[PDB]
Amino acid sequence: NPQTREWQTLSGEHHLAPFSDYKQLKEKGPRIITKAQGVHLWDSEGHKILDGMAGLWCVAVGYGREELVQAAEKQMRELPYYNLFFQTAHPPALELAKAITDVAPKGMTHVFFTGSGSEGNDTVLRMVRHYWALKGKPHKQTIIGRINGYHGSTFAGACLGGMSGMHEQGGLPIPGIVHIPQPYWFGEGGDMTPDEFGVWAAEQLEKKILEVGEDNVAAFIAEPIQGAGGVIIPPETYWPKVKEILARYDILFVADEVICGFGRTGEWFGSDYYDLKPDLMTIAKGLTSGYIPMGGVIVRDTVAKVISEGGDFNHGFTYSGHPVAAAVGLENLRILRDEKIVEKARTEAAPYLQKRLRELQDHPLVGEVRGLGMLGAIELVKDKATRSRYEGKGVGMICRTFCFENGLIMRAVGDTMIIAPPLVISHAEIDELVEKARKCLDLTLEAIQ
């Protein structure tokens, strides 16, 4: 009603939002978020809203940490920008690279800097193929991804992931990208027990290697826990089985830690969680807690032999290792580490979140509650034993809409409700979430039957 309407007519006439139906957006008008603090935020109509998604999986330390505001201001005044092209560097970017590598697994010794996760996965793509072409195998290009995996919205990042909705937009794909099925027991694994589905899903990797040809396979790319396509937590058997395959074949492993990176699963990385030894690690989001745009790729020492016969690695972006972004990053890692936010997430926040969320198991609508560290998903079903869904209907969108109106951001991927709140969420704020969540699950159920 107040200034909202002015901002709303503007969006309609001048703005094109990510992943949106702009015709619809205009008929409703978007919701404007203006302020935020802690884990909460306010819309232009004064409604306080608990943010259970941490913006978009990125605001790790929560909203309003002034340490980062001052880290930025100082850097921006002293040196706002200088490129990393001209055989040149600046202190932020170097000491950040050092910080990341220290919290990264054994042998993750290098960082190539990008502005986003998407630009990160582009970086992996040109890297992996260059790496093989350097090793004398330029035919070896094919990347194995997965259905319902997300890896970016660049051309490369959309072609690497397995969203059909994206593949339909942008024309003929990049040659040399193929997809195996996702280890989503709940929705895909029919009458199999979780454990044996995880083995099935893992062995499909070996199927695809032998199909395409080992000597044609450049890398396997996967998120440790898929994010955008629901929080598809794998069966226990999946990663261990996958590791056994990886050892036998001579291809690179790419862990997309964009979401899993920096405390989301209780550990620093998902690769730490499932004791994975990747070659490359996509990162973004929580690197700077989203206070400033930044992404990157963490590179294993052995792969970083691109240095040798590195007849220039003709890659990079203007704002690679942007000094203001690096200061915010460096300062962010100090807080995460020294104030023991990741440690507090694993020990204090996560078990409390997992408990209070799994008491929604009883609710008529809930087929399953699954979650790990500061990830959590709730399956909405028509029948718990069959794991069936309400064909069309749009159950998930209904919850989401209630969830919003009762001051909760908990997002819907199909009929899977999702959360991934800031790591610094207090037991009280966790109470607030679960309370609101139950109310909206009740309201949802009412709206069907």
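Position 1 is the first residue in the sequence shown; the rest follow in order.
- Mean CA B-factor, 303-311 versus 360-368: the higher value falls on 303-311.
- Here 185-193 and 225-233 are compared by their mean Cα B-factor, and 185-193 comes out higher.
- For residue 446, the recorded CA temperature factor ranks within the middle third of the chain's modelled residues.
- Residue 64: CA B factor in the middle third of modelled residues in this chain (values from the PDB entry).
- Remark: residue 21 belongs to the middle third of its chain, ranked by C-alpha B-factor as recorded.
- Per-chain ranking of the deposited C-alpha B factor places residue 58 in the lowest third.
- Annotation for residue 392: CA B-factor lies in the highest third of the chain's modelled residues.
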